[PDB]
Amino acid sequence: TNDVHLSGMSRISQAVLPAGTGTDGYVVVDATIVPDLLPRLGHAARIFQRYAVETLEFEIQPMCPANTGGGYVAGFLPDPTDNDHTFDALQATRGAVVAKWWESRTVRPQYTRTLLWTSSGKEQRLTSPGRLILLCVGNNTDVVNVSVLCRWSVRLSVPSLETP
Amino acid sequence: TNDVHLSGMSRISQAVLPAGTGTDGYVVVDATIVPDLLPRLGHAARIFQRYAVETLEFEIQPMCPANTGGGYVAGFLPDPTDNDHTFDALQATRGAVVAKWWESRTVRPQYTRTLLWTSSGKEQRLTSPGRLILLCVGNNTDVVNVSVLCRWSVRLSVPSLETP
Amino acid sequence: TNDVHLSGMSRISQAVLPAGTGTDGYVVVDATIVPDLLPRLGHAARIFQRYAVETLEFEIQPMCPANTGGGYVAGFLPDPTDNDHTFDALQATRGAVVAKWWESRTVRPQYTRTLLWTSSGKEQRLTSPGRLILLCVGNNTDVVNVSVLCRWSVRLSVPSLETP
Amino acid sequence: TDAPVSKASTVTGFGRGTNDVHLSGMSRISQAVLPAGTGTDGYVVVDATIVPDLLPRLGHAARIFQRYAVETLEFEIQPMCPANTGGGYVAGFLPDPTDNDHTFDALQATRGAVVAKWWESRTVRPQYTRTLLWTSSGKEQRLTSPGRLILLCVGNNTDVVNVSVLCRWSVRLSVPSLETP
Amino acid sequence: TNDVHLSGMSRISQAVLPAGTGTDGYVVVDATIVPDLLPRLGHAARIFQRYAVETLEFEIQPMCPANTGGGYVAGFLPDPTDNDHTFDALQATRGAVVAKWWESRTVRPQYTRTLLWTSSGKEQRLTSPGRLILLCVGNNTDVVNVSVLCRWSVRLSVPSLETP
Amino acid sequence: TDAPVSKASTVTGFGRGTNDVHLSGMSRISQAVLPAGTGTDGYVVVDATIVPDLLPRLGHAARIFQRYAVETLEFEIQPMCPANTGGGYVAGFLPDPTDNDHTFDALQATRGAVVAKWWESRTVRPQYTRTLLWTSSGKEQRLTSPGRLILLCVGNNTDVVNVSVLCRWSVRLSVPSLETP
Ligand SMILES: [Ca+2]
Ligand SMILES: [Ca+2]
Ligand SMILES: [Ca+2]
Ligand SMILES: [Ca+2]
Ligand SMILES: [Ca+2]
Ligand SMILES: [Ca+2]
C-alpha cells in the first residue's frame, strides 16, 4: 500500500543560554514542528504528499552543571498558529513539564491525528502538528546548552517528489 | 477520546432596529458563528483548541408589538468566507425562514460536522461552521428589538489556554 | 449528560526563597486549592456550578543547585479552614513528603470526594478541597526557585456562567 | 502492429454528456412596494414573464441546456402587511407570454386566478404547457416562455403594501449544449 | 520487521543520440542500477541503509519518427562488476530485447533479491543488483531521444541519514 | 494488412537461454613432489583456492554463467609412494578463502581434516557453503570461492614423495551470461 510507517528520534532544537540572560519568561526554544525540521522525516516528506503524526514525544536534554539555578518549562502547543508564549499557556497543554536546568525531562503531548500536508502552504494548520515552546523559569546561574529532541512516528501517503 | 461534550442555549445577537430605518435588505444581524460569539462556549473554547458542532439551531425571538409592519428573513450560510448578504443568498440556503416581526422562528441549518479550530486563522473555513444573517423584508413601523438565540451542542478537544 | 470530565496539570504556586531566609518552619507556600488557582479549571469552573475532585496530585519542583543545603516538607491539608502550619500537622496528612531542596517530589494526598461549589461563599469547606502547605526544613544555603504544580482531575456539573 | 502513416484517433466518449437533468426550486419572481393611495384599481403591481432567466439557478442551468419542460409551476402571493390595510389584489398567470392585457377581467378569466385582500396570502395554481420550450431567446417568445404572472390592485390601499411574489418551479432540462447570451 | 516497502516508476536514463553517430555497438545507455540513480528511491535510500529489490522492470521508451532506421538492444547484466558492453553479453542475458528505434519495449531482468547496501563500498556486488545497457543495432537516420524508465519496488531497512 | 511506415520487430525468443545446468566431475587440483628431507614439519605441500578456474571444465562452464552453487565437494589425498616412506601429512579445507593460516592446528581445527602417513590415502569431506557464489572474480573473494584446500607435512619424509590432490565437485550454474576475463 501507499502508506508507509516511519519512526525516529532527532533534535528539533539546539540553543545556548548564557549566564544571567535566562530571565523568567524568556523564550529559549520556539520550533514549529515541520517535516523539514527532522532530517530523516525531511527526506521521507520530500518523497510524499501527506503525513499523519501517530506518535509524538519530546525530550528536553539541558546540559549544564548541577550547580545551575533556575529551570525551564517545556510544552507543545498543538496549534501552529498560536503565538502565546506565557507560562500558563504552556502549562495548560497536555504533557507540559517544569524542571530544573540540570534535569532532563520528557513531554507527552496531546494532539489531533489528522492527515497533514508535507509541503508548506498558506494555512499552517494543514501542514504542522504544532509548536514546541521552551521558556525560562527563574534565573540561570551558569551557561546552559539545551538540546530539544523529538521522538516521532508518522504514516506517509500519496507518493510524490517534492522540492524545498 | 478525552472529548468534552457541552451544550446549551445562548443569545448570539441583540439588535435594536429603530422604526423607519428597517428598509428592505437591511442587515439587522450578521454574525460569523464562532465559539467566542457564544457566552458559555466562549469560555469552553478558551480552555480548548478544537471543537466539532454536533447540534446547531438558531431561534429568532424578536420582541415588538403585534401590530408592527414588515418582516424578517433569517438564514445560515454554511460558508464563513461568503460575503453575499441579500435575500437571494438566504433563500438559496436550507433552513432559512421568513416571518413577520412579531413571530418567533427557528432556523435549522446545514452545517459542517468536521473538527474546526477554536482560535482564528488565515482560513475561516477551518474555524467556523458558517455565518447567520437576519435581514429586513419591507419597512418596519415600530421599534423592533430582535434577539437571536442559539441552541448549540459541541464536542471539545485538545486542551489549552487561549487568549481573546 | 451535564457531567463533563476534565483533567490537567498546572502550577498552583511560584515562590522564590533567598539564601538564608529559609529557616526551619518558614512557610514557603500556602495555597488554598480553588478552581481560580488553576487556569483551565478556572475557565471550566467559570462555566459550571458544581465540581468534584476525582484525582489530585502535586509535584514539588524546586530549582536550585545540587550544593544547596536544607530541604522542604510538602503536604496537602484536606481542610481549607485549618491554619496549622507546623511539621507534625503536615506529616500527619496522607502523602506528605520531605525532601532536599534539590530533589523534586510528588504528593499523593487523601481527601473526601464530595461535590463542591465552583464559586466562593461563606463556608470555605464547600468550595475547596483543601490547602497545600510547603515549609522549610533546616536552612537553605543558596536561592531556591520553587514551582508547586498540581495534576488535577475534576467532574463538573450544573451548567451556568459565573463571574469572578 | 506495424507502423502506419497515421494512426486512428482514439477519442471515444466525445459528445456523450448528460441529457436530462431535473431541477427544482423556489424563488422570488417579484417584489413590490406601494405607498398609500397609489394602488388604484387596475394598477399593475407585478408583471413577470416566466423565463429561465427570471429564476437564477434555472438561468444558470439553462445556459448549459437547449430545451426545458415545466413539470410543476405554482405561485405564491405573500403580502407582508397588517390586517388593517384596505384594498385587495387579483393575481393570475396568463398562459400566453405575448398577451399584454392588464385588467381584472383578463386575469379572472384564467384558471387558478386568485382575488384576495391585501392581508391574505394566496397560491396560484395555473395552467401551463408541458411541451418542450427553448432555453435561449428567439423571435417568437411563445416557444420560450410558459406565460406571464400578473398582479393588479383591486381597490385603493389605505396603508403601504409590501408584496412578494414567489414561484415553485420544477423543470426538466434536455438537449445539452453550451449557450451564450 | 520495520521494513518500508516503496515502489514507483522513474526515468533512469535520458539519452540524445544524434543522427549518424549511432554506429553499431555504440553504448547509448550504461547505468549501474543504484538507488541514487532513481529520483524517489534516491531520497528513500538517503534515509535508509539497506534495500532489497522485490520488483524490477525497465521500459525503453524512445521518442523518434516512425520512419527512422536502425534499432536498439537493451539488457540487464545481473553483475555490477561486469564491464563487457557488447551485443553478445546482452544476448546472453535473460530479459533482453531488440527492437526498432520507434518501438517501446520492456526488459524483465534476472536480479538478486538479497539485501543490498544503499551506500557505495569496495564491492559493488553488495550495493547494486546489476547494470542496464542499451546499445545501437545498425545506424540511425534521424535524431533519437531515448528515455529509459524503470518500474521498481524495494524494501528498505536500517534507518540512517546518508550523504551523496 | 495495410502497408505501414514501419513493421514491428518479430524477434521473439531473444533473451531466453538456459538458466540452470548441473555439472559434475573430478579433477586434479594439485600435484607435488618432495625430495628427501625437504618435507619438514609445517611445510606447505599444497595450497589451492577452490575456484571454477581451478577446475578446467568448470572454468569453461563458468565462463558462460554468472553464479554457481557447490552442491557436493570432496577431496582425495592420494600419495603414490611406497610404505617404507617415513613422515605424514595433514590435509584440510579452510572454508574461508581469505584466511592464509598454514599450520597444523589451523587445519586440524576444521571439520573433516585428515592426518595420515605418507603411504595412506585419505578423503577430506569438508564444510562448505551452499550459497550462490560468483563465477567471475571481484574485490572480495569470499563471494567467489568456497574456501581453500591446504596440505602440510607432519614429519620429515625419508624418501621422495609424490602426492596428487584430487577433487570431486558437483555444481549448479545459474544466471546465464557471457563472461570475459
Ligand atoms: Ca506537497
Ligand atoms: Ca489555538
Ligand atoms: Ca456558583
Ligand atoms: Ca440555444
Ligand atoms: Ca551507508
Ligand atoms: Ca560475471
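Residues numbered from 1 in each chain as written, not as in the entry; some residues may be left out. Chains lettered and ligands numbered in written order. Part of a larger assembly, values for the part shown. Heavy atoms only, no water.

In its metadata, the entry names cryo-EM as the structure determination method and reports 2.82 Å as the resolution.

Outline the overall build of chain A, listing residues and values.
Each helix and strand in chain A was counted, giving 2 helices and 9 strands. Along chain A, from the amino end to the carboxyl end, the secondary structure elements read β-β-α-β-β-α-β-β-β-β-β. A compact globule built from 164 residues should have a C-alpha radius of gyration of about 15 Å, and chain A, at 16 Å, falls within 12% of that. The dimensions of chain A, computed from C-alpha atoms along their principal axes, are 55 × 25 × 25 Å. Restricting to contacts in chain A with at least 6 residues of sequence separation, those with at least 24 account for 85%. Counting 14 positive and 15 negative side-chain charges, chain A places the averaged centre of each group 6 Å from the other. (Helix = DSSP H or I, 4+ residues; strand = E, 2+ residues; numbered from the N terminus. Rg over C-alpha atoms; globule rule 2.2 N^0.38 Å. Contact = heavy atoms within 4.5 Å. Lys, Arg positive; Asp, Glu negative; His and termini not counted. Charge placed at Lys NZ, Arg CZ, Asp CG, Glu CD.)

Explain the coordination of the calcium ion (ligand 3) to me, and be specific about the residues and the numbers.
Residues and elements named next belong to chain C. Protein coordination of the calcium ion (ligand 3) is provided by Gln49 (OE1), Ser119 (OG) and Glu162 (OE), with donor distances spanning 2.3 Å. Of note, the calcium ion (ligand 3) draws all its donor residues from one chain, in the sequence arrangement Q-x69-S-x42-E. Of this pair, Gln49 sits in strand β3 (residues 48-63) while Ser119 sits in the loop between β7 (116-117) and β8 (131-137), and the two are 70 residues apart along the sequence. Take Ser119: its relative accessible area is 29%, and that puts it in the partly exposed class. (Donors = N, O, S within 2.8 Å, 3.2 Å for Na, K, Ca; no water. Buried < 20%, exposed > 50% of the residue type's maximum accessible area, 1.4 Å probe, protein only.)

Which residues make up the interface of chain E and chain F, and what are the values?
Contacts between the two partners involve 28 residues from chain E and, on the opposite side, 27 residues from chain F. Summing both sides of the interface, chain E and chain F together bury roughly 2,100 Å²; the carbon and sulfur share of this comes to 56%. Looking at the side of chain E facing chain F, the largest losses of area belong to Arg94(E), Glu123(E) and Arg125(E), adding up to 27% of the total buried there. At the junction of chain E with chain F, the criterion picks out 0 salt bridges. For the pair chain E and chain F, the interface holds 11 residue pairs in polar contact. Where the side of chain E that touches chain F is concerned, the elements lending two or more residues are α2 (87-92) and β5 (97-100) of chain E. For the side of chain E that touches chain F, the per-class residue count stands at 11 nonpolar, 6 polar and 11 charged. (Buried area = accessible area lost by both parts, 1.4 Å probe. Salt bridge = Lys/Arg side-chain N within 4 Å of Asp/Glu carboxyl O. Polar contact = N/O pair within 3.5 Å; in protein donor to acceptor, adjacent residues only side chain to side chain. Nonpolar A, V, L, I, M, F, W, Y, C, P; charged D, E, K, R; others polar.)

Which residues make up the sheet that holds strand β4 (residues 71-77) of chain B, and what are the values?
Residues and elements named next belong to chain B. The strand order β2-β8-β4-β5 describes an open sheet built from 4 strands, whose pairing is antiparallel. Lying at the two open borders of the sheet, with one neighbouring strand each, are β2 (27-32) and β5 (97-100). The average undirected angle you get between the axes of adjacent strands in this sheet is 15°. Pairing between β4 and strand β8 (residues 131-137): 7 bridges, direction antiparallel. Looking across to β8, one finds that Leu77 is bridged to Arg131. (Pairing = 2+ DSSP bridges. Axes fitted to C-alpha atoms, helices over the stretch in contact; angles between N-to-C directions.)

Can you lay out the packing of aromatic side chains for me, pointing to particular residues and giving the numbers?
Enumeration according to the criterion identifies 13 aromatic pairs over all chains in this entry. Across the ring face of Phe48(B), the terminal group of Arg40(C) is positioned such that the distance to the ring centre comes to 5.5 Å. (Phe/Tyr/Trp six-rings, centres within 6.5 Å; stacked < 30°, edge-to-face > 60°. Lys NZ or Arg CZ within 6 Å of the ring centre and 35° of its normal.)

Got a sec to walk through unusual backbone geometry? Specific residues and values, please.
A positive phi angle, near 55°, is found at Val158(A), a position not held by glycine. Classification of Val158(A) as partly exposed rests on a relative accessible area of 41%.

Describe the coordination of the calcium ion (ligand 4), naming the residues involved and giving the relevant values.
Coordination of the calcium ion (ligand 4) by the protein involves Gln66(D) (OE1), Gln66(D) (NE2), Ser136(D) (OG) and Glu179(D) (OE), with metal-donor separations of 2.4 to 3.0 Å. Using a relative accessible area of 12% as the deciding quantity, one classes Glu179(D) as buried.

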